[PDB]
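What follows is a short report on a single structure.
Protein chains: 2
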Amino acid sequence: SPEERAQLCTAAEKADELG
Amino acid sequence: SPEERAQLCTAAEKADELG
Ligand SMILES: *Cc1cccc(C*)c1
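Chains as they are written, first to last, in the deposited numbering: chain B, 1 to 19; chain A, 1 to 19.
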């Protein structure tokens with residue numbers, strides 16, 4: 001599910017940015 | 001939130017494996 005991964009990556013990527 | 005990212009990465013990583 002590449003699409004699911006992409007969405008999750010955003011959350012993980014965004015979460016990392018937040019701290 | 002590195003910890004949040006790690007958890008999300010697993011979901012994204014696992015999701016990718018599923019397809
Ligand atoms: C979007 C993403 C890139 C590299 C590693 C993770 C877990 C997520």
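C-beta atoms are modelled at their ideal positions from N, C-alpha and C, and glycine is treated no differently.
- Under the Cβ criterion of 7 Å, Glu4/A is counted among the residues facing chain B.
- Our two residues, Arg5/A and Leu18/B, have alpha carbons roughly 10 Å apart in a direct line.
- Remark: the C-beta of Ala11/B is outside contact range of ligand 1, defined as less than 6 Å to any heavy atom.
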